[PDB]
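**Student:** Dropping the structure in here first, questions after.
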Amino acid sequence: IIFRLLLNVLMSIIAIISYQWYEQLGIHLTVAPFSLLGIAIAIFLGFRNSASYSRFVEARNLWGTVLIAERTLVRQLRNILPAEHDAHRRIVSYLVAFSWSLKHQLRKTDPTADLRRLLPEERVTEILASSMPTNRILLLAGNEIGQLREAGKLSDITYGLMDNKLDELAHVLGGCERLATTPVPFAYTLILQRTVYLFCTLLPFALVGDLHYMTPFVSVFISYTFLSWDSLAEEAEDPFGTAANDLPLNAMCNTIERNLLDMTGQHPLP
Amino acid sequence: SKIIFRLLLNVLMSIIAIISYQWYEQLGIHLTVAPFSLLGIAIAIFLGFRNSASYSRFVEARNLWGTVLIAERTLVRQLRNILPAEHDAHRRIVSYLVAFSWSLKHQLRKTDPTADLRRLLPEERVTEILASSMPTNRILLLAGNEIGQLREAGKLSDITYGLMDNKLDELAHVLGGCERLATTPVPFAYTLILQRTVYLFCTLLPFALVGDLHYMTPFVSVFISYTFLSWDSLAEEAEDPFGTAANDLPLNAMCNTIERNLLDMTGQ
Amino acid sequence: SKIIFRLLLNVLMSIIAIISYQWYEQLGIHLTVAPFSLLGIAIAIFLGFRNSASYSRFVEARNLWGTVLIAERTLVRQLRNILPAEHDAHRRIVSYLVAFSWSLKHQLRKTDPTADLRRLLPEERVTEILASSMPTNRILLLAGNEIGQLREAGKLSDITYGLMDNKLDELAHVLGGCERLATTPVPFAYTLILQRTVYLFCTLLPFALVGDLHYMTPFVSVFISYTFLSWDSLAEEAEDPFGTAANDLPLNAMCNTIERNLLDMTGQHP
Amino acid sequence: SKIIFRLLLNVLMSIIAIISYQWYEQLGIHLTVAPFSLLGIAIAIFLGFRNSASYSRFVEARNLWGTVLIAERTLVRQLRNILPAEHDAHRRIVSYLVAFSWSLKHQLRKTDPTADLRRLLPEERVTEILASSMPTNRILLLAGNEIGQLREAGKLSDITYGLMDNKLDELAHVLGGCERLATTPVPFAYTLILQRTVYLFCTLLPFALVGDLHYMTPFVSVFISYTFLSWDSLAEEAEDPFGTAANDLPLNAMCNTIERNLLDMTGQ
Amino acid sequence: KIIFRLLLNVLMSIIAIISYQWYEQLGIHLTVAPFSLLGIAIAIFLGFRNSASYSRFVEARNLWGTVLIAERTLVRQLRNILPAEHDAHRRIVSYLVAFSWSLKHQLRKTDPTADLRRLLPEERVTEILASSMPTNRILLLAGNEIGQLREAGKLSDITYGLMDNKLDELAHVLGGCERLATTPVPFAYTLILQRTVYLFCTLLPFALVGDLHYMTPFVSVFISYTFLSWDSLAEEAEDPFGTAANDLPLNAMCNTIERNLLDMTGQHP
Ligand SMILES: [Cl-]
Ligand SMILES: [Cl-]
Ligand SMILES: [Cl-]
Ligand SMILES: [Cl-]
Ligand SMILES: [Cl-]
Ligand SMILES: [Cl-]
Ligand SMILES: [Zn+2]
Ligand SMILES: [Zn+2]
Ligand SMILES: [Zn+2]
Ligand SMILES: [Zn+2]
Ligand SMILES: [Zn+2]
Ligand SMILES: [Zn+2]
Ligand SMILES: [Zn+2]
Ligand SMILES: [Zn+2]
Ligand SMILES: [Zn+2]
Ligand SMILES: [Zn+2]
Ligand SMILES: [Zn+2]
Ligand SMILES: [Zn+2]
Ligand SMILES: [Zn+2]
Ligand SMILES: [Zn+2]
Ligand SMILES: [Zn+2]
Ligand SMILES: [Zn+2]
């Protein structure tokens, strides 16, 4: 980031001394039209940055749903079938594996470490077999439910109550998948990314005729404004991906595991 | 790149502007940058709001197609958990659900669904479906039959029937949504007026920029016009989300992803 | 397009501006561009927000009308799947559902339903409907008794009676949605302040632009007029979306579509 | 219209500016338009956003009332379809539903409900309802009694008791909605700060404009002041949409339509 | 708070008035035109960023709305479905009310053991406190009262679910506030805009001084107030659960919820 700040000082220091030689040549740059170009570029940046934040908000929200759906899915099992702790333990395995599996999915990293830690090596094979493991896990979770229904422990009515929670989970898998694959640029945020770049360097060549030796000091401030806002938006265009923060996605998979363990009394120590 | 016509009609409107600056004061015409800043800022505000509407629309498209994937996934899944016996009923419903996705992509693209419909369904059904003045919506009706019969046959209760019915509702809203998108363009008025005044402005600009820049006019009267046109194209770039080229939604891609996800779920 | 009345009343105002510029420094009226530059930008900002708030009402109007097709489509579908036999009820229900679309088009346009209502229904009904304070609400109450009877008859169970009820809810939300949009104008004075102010700014702008551009004034003032004036009517056409203008919602097309859809092959299904 | 009380202050501020312009160098006060351009623009951006946030509150108000009408009609229609016999329950319920609408109107407007409540309810109820510090919550609670009775009568199944329960939910959210809107004002800073800045900016402006415009200052300076002052009172009017102003919500109108609607549905 | 900032700006104006004498004899110009540009840009960005903070504050205030609505109707469902079972009434209302109070605490990073022991037996208070999310646990315990009523045939699976859903709704509120709290907006939306509005505000006098001479301090302090007000109006609404006076009144909100849930269950506050 700081690289484009200092190509500017160079461009200013150039524009100061090279301001001499088009004295005789008749090619001038006022500030009046660059101020127009700038006020424009800043409107578009403000609108664009706005869409990026909205993209980030949807990711935060989607993940919060994982926590809620999983918490209330486990709560329904305890409230409805308070005895079936072998089932409780199994379903809580699948939910926790889904969180971890999804975080690994959006990050394009390996899930095998977290999966074997959580599920039997038949299942870990069936899940790593599938092209859609996160979906696969939800399918397996759904079996432990539908089985308690064959077994008669769940009625169609109380089966339905829990199924709606696997729905909430399924909309999240799709929800994040769509956020991740979709480039909100369509590589067209590479247009704005560069138009800001051009304007930001042509700026001293228009500012120098007003500010003399001040040109670098003011031409970098305007640049650090315009470049921050752009890169701060390009960041939130990809909120799971490589250009993102992992502390929340990891603290989130950790909280849900902690919450699900505490909810089935595997914590505290006996 | 119908854009790169007025990008270089500009350089030619910058040179008509340079060599005919001389005559200006004698004709009594002056072009100052001050009102073109006013105009351009008012255009740029309007362009900004208008792009926003267009992006919201593209998003809404990407979203609806996203829901086909969710609703059909969970619908297969519900069928597995609730009737794990009935793989006859599984492969039937899965083929309608796959057919729906493909029949919708065609309809939105105005292409012929008969190929895929026959790959996926018995000729009886392909006939039934294509008879309809609304075949995608019909495919849904046929999928709901397999569900309904299963209920008639006692295998689904009213409750579990309801659980799967709501998945056909989600799909039924995806159809209405795409139909509405493919037929309600952002009023031709919004797109015609803006596209007009952005053009008129971008070509009167070098006449007003010349007093301040002398020969520097093209290298800047273009850089300004690219910014105001790139932004008006990018809005027309996303007003056809169901097209078959460039930035338009990869409906063919998505349709496969659906078919693969859905066979993966049923061991095929 | 009474816009072109004033697009030219402005040319006659640019003209008054030019044949009074050479009594200027005599009458002592210094008049510059930079405060009208402020006035323009302030108006554009408020025109930008106002026009966006209009498109939203239009968008919402369009969406509600979409919901009619969806709710009515799957309402038919549920009858064809749950009571596939009862085609005498199928037709009774479809008849009402299409009365709804036409009736609501009339309600929102303030035209006489009686034509359409008779084309579609028995006359004992056409009277009872036209008898009612809210007719569209009454059509909806008749569609309910159709469902309600089938439930009493025992053909529909409580569950599957409920499944269809929700769809009449979906439609009662579309009713109130369009009343709210129609009977609620954009709060008053929003139009008077924002429409008074843009005319006035359009006809004073040449008086202060003439000093800078000289003759170019009618060209540049009419340009700025077409920009600020088309945008103010564009926002006004959208305020009323159930209107009869060409930019309004095509409600007769939409009701036809609904009708062709619910009678795909004369209400006949696979 | 204390805007016109404010607008004339500006025109006397303008004559003041004109007469006291000459002694400017004699005092050393240079005032250009350019920094007021920056400032005034910034005010417009903030006003734009601020005003926008208000129209939201107003719209949300409107929609909550919109749902009262929807929720109460379908609650009535569900009774006329599930229990077309039991008219004793229809009267008791429609009376309770229409009481709710009126109890809420009076609640939001801070007015005595006892007129409309007595007019629609028995006296053992009206005393116990006004007894409550939450009378509209109480009406809803009594409205659920009738439903729950019918279910314990066996005239409603749990399933059809369910279907109607969900409209009481719908109405219970409308309560909370309006209650939240009325108590929660937009942070008492958005309307306070911006009214200061607009007011003060309007006053100083002719002192920056007069150097340029001279005797013209009153005209240009009172125009610019009108634009800003008007766009600022719009957002003030919407701050409380449940008031009595001509530009607030017609709640008396709204509540009669609800009472005619539910009465025409019951043949009364 | 920002009243020192205004003052420091005056000093910077006064510094700039005295220091204008050495200007071109030190090699500098400063036009107003470039700062109108940068200044407008900052206003646009502040305009959007402010808009995002109002949204968080609206949603915080909104989620707390749903706490009341959900609990009021979970109570109404009990009364109307099981009017007899008034022991279930009191016990459920005690967890629902304790849920509110613990959520207030959770958000505020303060200790609920007081409010908890007021409301619930100690077997519960210890059980609740052992949890890494006591509000979750409280929901679990209010879930059993509903659940055991279903095992005793007093609630069918249908009417159980009716009330279960309100429990689900509350769980959404909980996850929602937890999400509004643990996620601040990208912290860059502060260091960027706070630096930039500050830096712009203390150099504006240096550039206005040519145009306005002595007039520089007033105009410069007006423009600085307008930018600095609109800046911090977004900082307040960034922790809407905090204890600042503009933050949400969670204690009043929490009482209205108790008052509401008692007024429904015969007992009088
Ligand atoms: Cl366990
Ligand atoms: Cl357990
Ligand atoms: Cl199969
Ligand atoms: Cl009656
Ligand atoms: Cl609720
Ligand atoms: Cl009746
Ligand atoms: Zn949920
Ligand atoms: Zn357990
Ligand atoms: Zn733990
Ligand atoms: Zn779903
Ligand atoms: Zn199978
Ligand atoms: Zn295309
Ligand atoms: Zn639907
Ligand atoms: Zn039929
Ligand atoms: Zn409803
Ligand atoms: Zn001239
Ligand atoms: Zn002339
Ligand atoms: Zn009746
Ligand atoms: Zn009687
Ligand atoms: Zn009284
Ligand atoms: Zn609720
Ligand atoms: Zn009780």
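Just so we're on the same page: first chain in the structure tokens is A, next is B, and so on; residues restart at 1 for each chain, and ligands are numbered from 1 in the order they show up.
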Just want the 7 Å neighbourhood of segment 39-55 of chain E, counted on only C-alpha atoms, with same-chain residues fewer than 5 positions away dropped. Output as a PyMOL selection string.
**Tutor:** (chain A and resi 39+42-43+46) or (chain D and resi 38+42+45-46+49) or (chain E and resi 231+234+237-238)
**Student:** Could you pull out the helix (DSSP H, G or I) residues of segment 16-239 of chain C, going by DSSP on the backbone, and write them as JSON, numbers by chain?
**Tutor:** {"C": [16, 17, 18, 21, 22, 23, 24, 25, 26, 27, 34, 35, 36, 37, 38, 39, 40, 41, 42, 43, 44, 45, 46, 47, 48, 49, 50, 51, 52, 53, 54, 55, 56, 57, 58, 59, 60, 61, 62, 63, 64, 65, 66, 67, 68, 69, 70, 71, 72, 73, 74, 75, 76, 77, 78, 79, 80, 81, 82, 87, 88, 89, 90, 91, 92, 93, 94, 95, 96, 97, 98, 99, 100, 101, 102, 103, 104, 105, 106, 107, 108, 109, 114, 115, 116, 117, 118, 119, 120, 123, 124, 125, 126, 127, 128, 129, 130, 131, 135, 136, 137, 138, 139, 140, 141, 142, 143, 144, 145, 146, 147, 148, 149, 150, 151, 152, 158, 159, 160, 161, 162, 163, 164, 165, 166, 167, 168, 169, 170, 171, 172, 173, 174, 175, 176, 177, 178, 179, 180, 181, 182, 183, 190, 191, 192, 193, 194, 195, 196, 197, 198, 199, 200, 201, 202, 203, 204, 205, 206, 207, 208, 209, 210, 211, 212, 213, 217, 218, 219, 220, 221, 222, 223, 224, 225, 226, 227, 228, 229, 230, 231, 232, 233, 234, 235, 236, 237, 238, 239]}
**Student:** Give me, as a list in words, all polymer residues having an atom no more than 10 Å from residue 258 of chain A, counting only C-alpha atoms and skipping those fewer than 6 positions away in the same chain.
**Tutor:** residues 96, 252, 266 and 267 of chain A; 131, 132 and 133 of chain E
**Student:** Residues at most 8 Å from ligand 22, using only C-alpha atoms and all ligand atoms? Could they come as a list in words?
**Tutor:** residues 79, 83, 84, 85, 86, 87, 89, 90, 265 and 266 of chain E
**Student:** List all protein, DNA and RNA residues that have any atom at most 7 Å from ligand 7, counting only C-alpha atoms and all ligand atoms, and write the list as a ChimeraX atom specification.
**Tutor:** /A:68-69,165,168 /E:168-169,172
**Student:** Could you give me the residues within 6 Å of ligand 4, counting only C-alpha atoms and all ligand atoms, as a list in words?
**Tutor:**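 For ligand 4, the residues inside 6 Å are residues 87, 90, 91 and 266 of chain D.
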**Student:** Restricted to N, CA, C and O atoms, what would the selected residues look like written as a PDB file, in the first residue's frame?
**Tutor:**
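Saved to out.pdb:
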ATOM      1  N   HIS D  87     -70.783 -17.795  15.230  1.00  0.00           N
ATOM      2  CA  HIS D  87     -70.807 -16.345  15.108  1.00  0.00           C
ATOM      3  C   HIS D  87     -70.642 -15.630  16.438  1.00  0.00           C
ATOM      4  O   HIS D  87     -70.223 -14.475  16.442  1.00  0.00           O
ATOM      5  N   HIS D  90     -67.091 -14.985  16.357  1.00  0.00           N
ATOM      6  CA  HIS D  90     -66.723 -13.941  15.395  1.00  0.00           C
ATOM      7  C   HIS D  90     -66.888 -12.549  16.002  1.00  0.00           C
ATOM      8  O   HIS D  90     -66.007 -11.694  15.864  1.00  0.00           O
ATOM      9  N   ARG D  91     -68.033 -12.296  16.648  1.00  0.00           N
ATOM     10  CA  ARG D  91     -68.299 -10.979  17.224  1.00  0.00           C
ATOM     11  C   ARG D  91     -67.291 -10.643  18.310  1.00  0.00           C
ATOM     12  O   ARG D  91     -66.716  -9.548  18.322  1.00  0.00           O
ATOM     13  N   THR D 266     -68.057  -9.451   8.209  1.00  0.00           N
ATOM     14  CA  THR D 266     -68.863 -10.228   9.136  1.00  0.00           C
ATOM     15  C   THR D 266     -70.351  -9.959   8.958  1.00  0.00           C
ATOM     16  O   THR D 266     -71.149 -10.328   9.834  1.00  0.00           O
TER      17      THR D 266
END
**Student:** For a quick test of understanding: name the residues of chain B lying within 12 Å of chain D when counting only C-alpha atoms, and present them as number ranges by chain.
**Tutor:** B: 41, 45, 158-159
**Student:** For the residues in the current selection, export C-alpha atoms as a short mmCIF file (atom, residue, chain, number, x, y, z; two decimals), in the first residue's frame.
**Tutor:**
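For reference, selection.cif as written:
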data_model
loop_
_atom_site.label_atom_id
_atom_site.label_comp_id
_atom_site.auth_asym_id
_atom_site.auth_seq_id
_atom_site.Cartn_x
_atom_site.Cartn_y
_atom_site.Cartn_z
CA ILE B 41 -21.03 16.43 -10.79
CA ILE B 45 -24.36 11.66 -8.81
CA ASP B 158 -49.47 -34.73 5.43
CA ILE B 159 -46.70 -33.32 7.66
#
**Student:** Name each residue within 9 Å of ligand 11, counting only C-alpha atoms and all ligand atoms, as a ChimeraX atom specification.
**Tutor:** /B:76,79-80,83-91,265-267
**Student:** Let me see if you get this right: every residue at most 7 Å from ligand 14, counting only C-alpha atoms and all ligand atoms, written as a VMD selection string.
**Tutor:** chain C and resid 80 84 to 87 90 to 91 267 to 269
**Student:** Only C-alpha atoms, please: the residues just picked out, written as a compact mmCIF listing (two decimals), in the first residue's frame.
**Tutor:**
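The resulting file, result.txt, is shown below:
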# COMPACT_ATOMS: atom_id res chain seq x y z
CA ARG C 80 -53.76 -30.26 -8.55
CA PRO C 84 -56.11 -34.01 -8.17
CA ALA C 85 -59.66 -35.25 -8.75
CA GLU C 86 -61.81 -32.22 -7.76
CA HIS C 87 -61.80 -30.23 -11.01
CA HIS C 90 -60.22 -26.31 -9.29
CA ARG C 91 -62.28 -24.16 -11.65
CA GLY C 267 -57.06 -25.07 -16.19
CA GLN C 268 -56.02 -28.58 -17.19
CA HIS C 269 -52.96 -30.39 -15.78
**Student:** Find the residues near segment 191-197 of chain E: any atom within 10 Å, counting only C-alpha atoms, skip ones fewer than 2 places away on the same chain, and give them as a list in words.
**Tutor:**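 The residues that qualify are residues 221, 222, 224, 225, 228, 229 and 232 of chain A; 38, 39, 42, 43, 45, 46, 49, 186, 187, 188, 189, 199, 200, 201, 202, 224, 227, 228, 231, 232 and 235 of chain E.
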**Student:** Restricted to N, CA and C atoms, what would the selected residues look like written as a PDB file, in the first residue's frame?
**Tutor:**
ATOM      1  N   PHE A 221      -1.508  13.299   0.578  1.00  0.00           N
ATOM      2  CA  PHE A 221      -2.657  13.249   1.473  1.00  0.00           C
ATOM      3  C   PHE A 221      -3.912  12.879   0.705  1.00  0.00           C
ATOM      4  N   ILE A 222      -4.174  13.599  -0.388  1.00  0.00           N
ATOM      5  CA  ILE A 222      -5.263  13.249  -1.296  1.00  0.00           C
ATOM      6  C   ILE A 222      -5.127  11.813  -1.794  1.00  0.00           C
ATOM      7  N   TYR A 224      -3.442   9.216  -0.247  1.00  0.00           N
ATOM      8  CA  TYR A 224      -3.690   8.282   0.847  1.00  0.00           C
ATOM      9  C   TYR A 224      -5.170   8.194   1.170  1.00  0.00           C
ATOM     10  N   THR A 225      -5.901   9.300   1.039  1.00  0.00           N
ATOM     11  CA  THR A 225      -7.353   9.215   1.102  1.00  0.00           C
ATOM     12  C   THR A 225      -7.885   8.271   0.027  1.00  0.00           C
ATOM     13  N   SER A 228      -6.588   4.439   0.365  1.00  0.00           N
ATOM     14  CA  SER A 228      -7.206   3.752   1.493  1.00  0.00           C
ATOM     15  C   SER A 228      -8.607   3.285   1.136  1.00  0.00           C
ATOM     16  N   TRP A 229      -9.470   4.228   0.767  1.00  0.00           N
ATOM     17  CA  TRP A 229     -10.865   3.902   0.509  1.00  0.00           C
ATOM     18  C   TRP A 229     -10.996   2.816  -0.552  1.00  0.00           C
ATOM     19  N   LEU A 232      -9.528  -0.522   0.987  1.00  0.00           N
ATOM     20  CA  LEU A 232     -10.464  -0.925   2.035  1.00  0.00           C
ATOM     21  C   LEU A 232     -11.749  -1.505   1.470  1.00  0.00           C
TER      22      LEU A 232
ATOM     23  N   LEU E  38     -10.359  17.354  -1.673  1.00  0.00           N
ATOM     24  CA  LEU E  38     -10.172  16.417  -0.573  1.00  0.00           C
ATOM     25  C   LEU E  38     -11.263  16.549   0.491  1.00  0.00           C
ATOM     26  N   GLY E  39     -11.717  17.772   0.756  1.00  0.00           N
ATOM     27  CA  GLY E  39     -12.716  17.951   1.799  1.00  0.00           C
ATOM     28  C   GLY E  39     -14.067  17.378   1.418  1.00  0.00           C
ATOM     29  N   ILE E  42     -13.765  13.598   1.677  1.00  0.00           N
ATOM     30  CA  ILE E  42     -13.962  13.120   3.041  1.00  0.00           C
ATOM     31  C   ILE E  42     -15.435  13.182   3.436  1.00  0.00           C
ATOM     32  N   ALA E  43     -16.159  14.228   3.006  1.00  0.00           N
ATOM     33  CA  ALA E  43     -17.564  14.344   3.394  1.00  0.00           C
ATOM     34  C   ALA E  43     -18.388  13.203   2.816  1.00  0.00           C
ATOM     35  N   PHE E  45     -17.293  10.167   2.035  1.00  0.00           N
ATOM     36  CA  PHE E  45     -16.937   8.963   2.771  1.00  0.00           C
ATOM     37  C   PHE E  45     -17.514   8.992   4.179  1.00  0.00           C
ATOM     38  N   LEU E  46     -17.425  10.137   4.860  1.00  0.00           N
ATOM     39  CA  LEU E  46     -18.078  10.263   6.155  1.00  0.00           C
ATOM     40  C   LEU E  46     -19.568  10.080   6.024  1.00  0.00           C
ATOM     41  N   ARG E  49     -20.121   6.259   5.775  1.00  0.00           N
ATOM     42  CA  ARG E  49     -19.721   5.596   7.016  1.00  0.00           C
ATOM     43  C   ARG E  49     -20.676   5.921   8.155  1.00  0.00           C
ATOM     44  N   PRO E 186     -14.793  -3.152  10.083  1.00  0.00           N
ATOM     45  CA  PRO E 186     -13.335  -3.098   9.893  1.00  0.00           C
ATOM     46  C   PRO E 186     -12.740  -1.871  10.568  1.00  0.00           C
ATOM     47  N   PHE E 187     -11.802  -2.090  11.497  1.00  0.00           N
ATOM     48  CA  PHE E 187     -11.237  -0.985  12.263  1.00  0.00           C
ATOM     49  C   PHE E 187     -10.598   0.066  11.363  1.00  0.00           C
ATOM     50  N   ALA E 188     -10.280  -0.291  10.113  1.00  0.00           N
ATOM     51  CA  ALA E 188      -9.758   0.678   9.157  1.00  0.00           C
ATOM     52  C   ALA E 188     -10.741   1.812   8.884  1.00  0.00           C
ATOM     53  N   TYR E 189     -12.049   1.581   9.033  1.00  0.00           N
ATOM     54  CA  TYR E 189     -13.021   2.654   8.848  1.00  0.00           C
ATOM     55  C   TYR E 189     -12.927   3.717   9.927  1.00  0.00           C
ATOM     56  N   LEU E 199      -6.397  15.220  10.280  1.00  0.00           N
ATOM     57  CA  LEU E 199      -5.328  15.823   9.493  1.00  0.00           C
ATOM     58  C   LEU E 199      -5.869  16.904   8.575  1.00  0.00           C
ATOM     59  N   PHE E 200      -6.948  16.609   7.858  1.00  0.00           N
ATOM     60  CA  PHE E 200      -7.584  17.627   7.033  1.00  0.00           C
ATOM     61  C   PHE E 200      -8.012  18.833   7.876  1.00  0.00           C
ATOM     62  N   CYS E 201      -8.435  18.605   9.120  1.00  0.00           N
ATOM     63  CA  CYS E 201      -8.979  19.717   9.895  1.00  0.00           C
ATOM     64  C   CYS E 201      -7.901  20.656  10.404  1.00  0.00           C
ATOM     65  N   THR E 202      -6.683  20.162  10.631  1.00  0.00           N
ATOM     66  CA  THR E 202      -5.604  20.997  11.156  1.00  0.00           C
ATOM     67  C   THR E 202      -4.695  21.556  10.070  1.00  0.00           C
ATOM     68  N   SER E 224     -14.418  22.718  10.724  1.00  0.00           N
ATOM     69  CA  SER E 224     -13.880  21.622  11.535  1.00  0.00           C
ATOM     70  C   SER E 224     -14.936  21.024  12.456  1.00  0.00           C
ATOM     71  N   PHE E 227     -17.217  18.720  10.307  1.00  0.00           N
ATOM     72  CA  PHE E 227     -16.596  17.434  10.002  1.00  0.00           C
ATOM     73  C   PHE E 227     -16.426  16.590  11.256  1.00  0.00           C
ATOM     74  N   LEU E 228     -16.049  17.207  12.385  1.00  0.00           N
ATOM     75  CA  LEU E 228     -15.783  16.431  13.596  1.00  0.00           C
ATOM     76  C   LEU E 228     -17.056  15.991  14.300  1.00  0.00           C
ATOM     77  N   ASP E 231     -18.191  13.090  12.329  1.00  0.00           N
ATOM     78  CA  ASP E 231     -17.305  11.942  12.496  1.00  0.00           C
ATOM     79  C   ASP E 231     -17.691  11.148  13.728  1.00  0.00           C
ATOM     80  N   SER E 232     -17.809  11.818  14.880  1.00  0.00           N
ATOM     81  CA  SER E 232     -17.977  11.087  16.132  1.00  0.00           C
ATOM     82  C   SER E 232     -19.397  10.570  16.305  1.00  0.00           C
ATOM     83  N   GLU E 235     -18.963   7.132  15.851  1.00  0.00           N
ATOM     84  CA  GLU E 235     -18.277   6.374  16.886  1.00  0.00           C
ATOM     85  C   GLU E 235     -19.245   5.960  17.982  1.00  0.00           C
TER      86      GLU E 235
END
**Student:** Give me, as CSV, the closest atom pair and its distance (Å, one decimal) for every residue of chain C within a cut-off of 12 Å of ligand 6, counting only C-alpha atoms and all ligand atoms, rows sorted by chain and rising number.
**Tutor:**
residue,atom,partner,partner_atom_place_in_ligand_line,distance
C:141,CA,ligand 6,1 (Cl),10.5
C:142,CA,ligand 6,1 (Cl),11.9
C:145,CA,ligand 6,1 (Cl),11.2
**Student:** For chain D against chain E, which residues fall within 6 Å using only C-alpha atoms, given as a VMD selection string?
**Tutor:** chain D and resid 29 to 31 38 to 39 42 46 145 148 173 176
**Student:** Can you list, as a ChimeraX atom specification, every protein, DNA or RNA residue that comes within 12 Å of residue 48 of chain D when you count only C-alpha atoms, leaving out same-chain residues fewer than 2 positions away?
**Tutor:** /C:41-53 /D:41-46,50-55,190,194,227-228,230-232,234-235 /E:43-44,47-48,50-51
**Student:** Extract, using only C-alpha atoms, all DNA, RNA and protein residues at most 8 Å from residue 217 of chain B, discarding same-chain residues fewer than 5 positions from it, and format them as a list in words.
**Tutor:**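 That gives residues 14, 18, 206, 209 and 210 of chain B.
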**Student:** Would you put the residues from that selection into a file with N, CA, C and O atoms, as a PDB file, in the first residue's frame?
**Tutor:**
ATOM      1  N   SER B  14     -11.514  16.852 -29.407  1.00  0.00           N
ATOM      2  CA  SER B  14     -10.474  17.658 -28.775  1.00  0.00           C
ATOM      3  C   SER B  14      -9.642  18.438 -29.789  1.00  0.00           C
ATOM      4  O   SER B  14      -9.127  19.520 -29.466  1.00  0.00           O
ATOM      5  N   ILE B  18      -9.009  22.307 -30.256  1.00  0.00           N
ATOM      6  CA  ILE B  18      -7.755  23.057 -30.145  1.00  0.00           C
ATOM      7  C   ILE B  18      -7.627  24.059 -31.290  1.00  0.00           C
ATOM      8  O   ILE B  18      -7.491  25.270 -31.069  1.00  0.00           O
ATOM      9  N   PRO B 206     -14.297  18.872 -24.346  1.00  0.00           N
ATOM     10  CA  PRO B 206     -12.994  19.426 -24.758  1.00  0.00           C
ATOM     11  C   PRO B 206     -13.085  20.885 -25.183  1.00  0.00           C
ATOM     12  O   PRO B 206     -12.103  21.630 -25.065  1.00  0.00           O
ATOM     13  N   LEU B 209     -12.678  22.530 -21.892  1.00  0.00           N
ATOM     14  CA  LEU B 209     -11.424  22.241 -21.230  1.00  0.00           C
ATOM     15  C   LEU B 209     -10.241  22.913 -21.906  1.00  0.00           C
ATOM     16  O   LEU B 209      -9.133  22.895 -21.354  1.00  0.00           O
ATOM     17  N   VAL B 210     -10.440  23.487 -23.095  1.00  0.00           N
ATOM     18  CA  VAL B 210      -9.292  23.921 -23.887  1.00  0.00           C
ATOM     19  C   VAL B 210      -8.729  25.231 -23.352  1.00  0.00           C
ATOM     20  O   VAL B 210      -7.502  25.414 -23.296  1.00  0.00           O
TER      21      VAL B 210
END
**Student:** Neighbouring residues of ligand 10 are defined here as those with any atom at most 9 Å from a ligand atom, counting only C-alpha atoms and all ligand atoms; list them as an MDAnalysis selection string.
**Tutor:** (chainID A and resid 164 166:168 170:171) or (chainID B and resid 67 70:75 166:167 170)
**Student:** List all protein, DNA and RNA residues that have an atom no more than 9 Å from any atom of ligand 17, counting only C-alpha atoms and all ligand atoms, and report them as an NGL selection string.
**Tutor:** (:B and (25 or 27-30)) or (:C and (18 or 21-22 or 210-215))
**Student:** If we count only C-alpha atoms and set the cut-off at 8 Å, which residues sit around segment 175-189 of chain A, ignoring sequence neighbours fewer than 2 positions away in its own chain? Please answer as number ranges by chain.
**Tutor:** A: 55, 59, 62, 106, 171-173, 191-193, 234, 237-241; B: 62-63, 66, 234, 247
**Student:** Using atom CA of residue 120 of chain D and atom CA of residue 162 of chain D as the two end points, give the distance in Å to one decimal.
**Tutor:** 26.1 Å
**Student:** Using only C-alpha atoms and all ligand atoms, which protein or nucleic acid residues are at most 12 Å from ligand 9, as a list in words?
**Tutor:**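 Based on only C-alpha atoms and all ligand atoms, ligand 9 is surrounded within 12 Å by residues 254, 255, 256, 257, 258, 259, 260, 261, 262, 263, 264, 265, 266, 267, 268 and 269 of chain A; 129, 130, 131, 132, 133 and 134 of chain E.
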